[PDB]
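Everything below concerns the one structure shown next.
Keep in mind that the numbers below use all heavy atoms, side chains included, and drop hydrogens, waters and symmetry copies. Letters A, B, ... mirror the listed sequences (proteins, then strands); counts begin at 1.
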Amino acid sequence: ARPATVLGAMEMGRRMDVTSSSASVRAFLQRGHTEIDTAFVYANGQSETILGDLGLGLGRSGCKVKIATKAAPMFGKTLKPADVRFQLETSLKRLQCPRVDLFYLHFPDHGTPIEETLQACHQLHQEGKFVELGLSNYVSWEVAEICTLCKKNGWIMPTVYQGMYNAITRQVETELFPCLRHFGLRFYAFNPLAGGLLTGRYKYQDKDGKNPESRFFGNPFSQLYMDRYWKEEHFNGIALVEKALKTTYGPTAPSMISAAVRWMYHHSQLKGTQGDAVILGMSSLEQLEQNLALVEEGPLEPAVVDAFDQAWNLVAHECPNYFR
Amino acid sequence: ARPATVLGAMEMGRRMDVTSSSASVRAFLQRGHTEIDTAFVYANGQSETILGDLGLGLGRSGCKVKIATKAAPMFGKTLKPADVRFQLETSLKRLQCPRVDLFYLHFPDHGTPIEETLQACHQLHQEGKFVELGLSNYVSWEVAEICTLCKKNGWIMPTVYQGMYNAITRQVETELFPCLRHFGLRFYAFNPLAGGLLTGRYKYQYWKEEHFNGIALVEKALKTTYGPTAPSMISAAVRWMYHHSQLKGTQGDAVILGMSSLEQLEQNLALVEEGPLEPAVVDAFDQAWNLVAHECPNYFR
Ligand SMILES: NC(=O)c1ccc[n+]([C@@H]2O[C@H](COP(=O)([O-])OP(=O)(O)OC[C@H]3O[C@@H](n4cnc5c(N)ncnc54)[C@H](OP(=O)(O)O)[C@@H]3O)[C@@H](O)[C@H]2O)c1
C-alpha cells in the first residue's frame, strides 16, 4: 500500500487565514486522511489555535482525526523539563484538547542532556498528555542513543521520526532509515517538494531578481531554505527530470510537481506497511487541493525515475544535513 | 602531532612469508611506531601465529609493541558469548601473550543480540584478557547503541573504531565521526589508498570514469603546483591522510598501513614522514571526492 498522507499545518495562521485553514482541513479529511501536523512554534502559536477551534474534539476518545505537535528549543525556550512541559501544556490549551496523539522533540537541544529531556517526556506521557513520542531532526546515532536509554529506563520509546526527504534529498536513506527500521519507528517525510523547489517554478538566477512572496523569498525561514536547496546543482537536476518527462510522455507529460509527488508515493523508500507517510505542505487551499489529487496518481515510467536518480547523484555531495 | 601509524598484519602468512613478516615488523618499529593490527581470521590464523613466534613478548609489562586482534562471525563462529571467548582465547594462544592491548568486534553479527556480545566482552575484560575494546564496520547508530548499553550496564566502553577512510572515501565524516567524538572513541583509518586507485597506477582500460577523472584532477594540481618535484599520487594520498583529513593525532587517531611486501611497507613508511600538501592539491582531492561521493561504498555492514 502507499504511504500515508499527513497535513502540514505550518502555514495555518501565517500565509493562510482561518477561512482557508478550515477549508483545507475539511478537504484533507474528505480525502480519507486523518493526521495533522502542527507545532508550538508554527505561525507563532496560531496554527494550533486555529486547529483547536475547528470543533474537531481533538484528543478525545472518538476523534478520528489525529493531532501531532512539537516542542522546540527556540523562541527562548530549551528542551529542559520545565520548557518541554510549558510547550506541551500550552499546545493542549490552544488545541482545546486533553492529549495529543503524537508529541515530537522538534529538533535537538545540544545544551540539555538528552536523558533529562526524555525523563520529562516520560512524565508527561504518564500524566496522559500524549500518546506517542516522536523525534525530528536528530541524527541516526542520537535516535539510537535515545531508544537505548528509553529501553533501559523503562520510558516510552519514540515511534515516529519526522525528517527531510524528497526525490533529490536522500541522505536519510543510508544510516537513518535502517536505524528507524531496527528500533520500530515509522518515518514521516517533510519537504517532499523541497519547499517548492521541486515544482520547477524557479531558476537559479532568480535570487538575483525581485521575487514574489514565497518559501524562498519573504518567509521568516527563507534563508534556511536558500542554504538548504538553492544551489546550481539542484537546478540542473530538476532540468534533467523536466527533459525526461517530455522525452517519455511528450507535451502531455505530467508536470514537475506531479512527478515529485509521485516519486514520494511510488518510488521512494517510504513504506505504507511500516506506517510511513508524506507530510504535504501548502500556502493556499488551491495548492493543497492540487496536491491531494497528485497523491492519488500512479507510478512514473522508469526513464523518469532514472532521471530523478541522476538528479540526486548530481546533488548528493552537497545535500543538506537531515539533522541539526 | 600527526596521526599514528598502525601496522596492518593481514598478509602475514598469506601473500607474505615468515621471513618477510619479521623484517616488516623490525622496519616498522625502527620508525618509532608501536601498534600492530591482526585478527583471528587473517591468513587462516597464520598472521597471529607468525606474530606470536617473533619473540616480541606481547601483552607483557614493558613491551613496547601494542597488539590488536579481532573476533568475527566467520568460520562457523558467531559473536555469541562462547564464540567471542573462543576466538580471543585462540588469539592469545597464537600470539603467545597473556592479553592484547585492543580487542575488536571485527564486523557485526546481526544474528546475535548485541547486548549478549557485549556482556561477553565485559567478562573477558574483567579476566584481564584485553585492555581496550574496539569496533569495526559498525554503523554510527550501532556504535551509539553499544556505548549507551555499556554505560548503563557498567561495562567497558569501546574506545577505538576502525573503518574505511581515504581522500576519496569520506562517508564516515558525516555521522560516524561526530558519534565517535561524542562517546570518546579514536578512529583508525584503513584502506588509505582506496584499493590502489589512489596510487595512480590504474587507468580506465568497482571504479568508474568519474573515479579516474578525479585522479586526473589531483595529478593536474600536483603538476601545476610542484612541477618536476611533485609528490607522486601515492605520496599525495598518504599525505592527505596525515595532514589534511579529519584525523587528529591528539585524539589518538591513526592510519593503518597495509602491506603485501617488505618493499611496499618500506616505501609507505617513508611517505608517512612527508609533509603537508599545498592548498591547490588539497582542493583537488576535495573535488575528486565530490565527483564520487554519491557512490561511496558503505563503511558498515
Ligand atoms: N519537523 C520539521 O523540522 C519540519 C520542517 C518543515 C516542515 N515540516 C512539516 O512538513 C509540512 C510540509 O513540509 P513543507 O511545507 O516544507 O512541504 P513542501 O511540499 O516541500 O513545501 C511546501 C511549499 O511548496 C510550494 N507548493 C506546495 N504545493 C504546491 C503546488 N501545488 N503548486 C505550487 N507550489 C506548491 C509552496 O511554496 P510557496 O509558499 O512558496 O507558495 C508550499 O508552501 C509542514 O507544513 C510542516 O508540517 C516539519
Report summary line: Quick note, salt bridge (charged side-chain N to carboxylate O under 4.0 Å, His left out) partners involving residues 216-227 of chain A, not counting sequence neighbours, are none
Query - Summary of salt bridge (charged side-chain N to carboxylate O under 4.0 Å, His left out) pairs that have at least one residue in residues 153-174 of chain A, sequence neighbours excluded - result: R170(A)-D309(A)
Report task. Please collect all salt bridge (charged side-chain N to carboxylate O under 4.0 Å, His left out) contacts where either partner lies in residues 46-59 of chain A, sequence neighbours excluded, each pair once. Result -> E48(A)-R94(A)
Report summary line: Sorted by chain and number, sequence neighbours left out, side chain to side chain donor-acceptor pair (under 3.5 Å) with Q171(B) holds for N298(B)
Query - Residues in side chain to side chain donor-acceptor pair (under 3.5 Å) contact with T159(A), at least two apart in sequence or another chain - result: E132(A)
Requested in this report: Please list, chain by chain and in numerical order, all residues satisfying side chain to side chain contact (heavy atoms under 4.5 Å, CB included) with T169(A), sequence neighbours excluded.
Outcome: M164(A), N166(A), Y229(A), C319(A), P320(A)
Requested in this report: Tell me, please, which residues at least two apart from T112(B) pass side chain to side chain donor-acceptor pair (under 3.5 Å).
Outcome: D109(B)
Report task. Only counting residues at least two apart or in another chain, list the ones meeting side chain to side chain donor-acceptor pair (under 3.5 Å) with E11(A). Result -> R14(A)
Query raised in the report: What pairs with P192(A) under side chain to side chain contact (heavy atoms under 4.5 Å, CB included), at least two apart in sequence or on another chain?
Result: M264(A), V278(A)
Query raised in the report: Taking only residues two or more places apart in sequence, or in another chain, which ones meet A253(A) in a side chain to side chain contact (heavy atoms under 4.5 Å, CB included)?
Result: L245(A), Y249(A)
Requested in this report: Output all residues satisfying ring-ring contact (aromatic ring centres under 6.0 Å, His included) with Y42(A), sequence neighbours left out; order by chain, then residue number.
Outcome: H106(A)
Report summary line: Sorted by chain and number, sequence neighbours left out, side chain to side chain contact (heavy atoms under 4.5 Å, CB included) with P108(A) holds for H110(A), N137(A), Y138(A), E142(A)
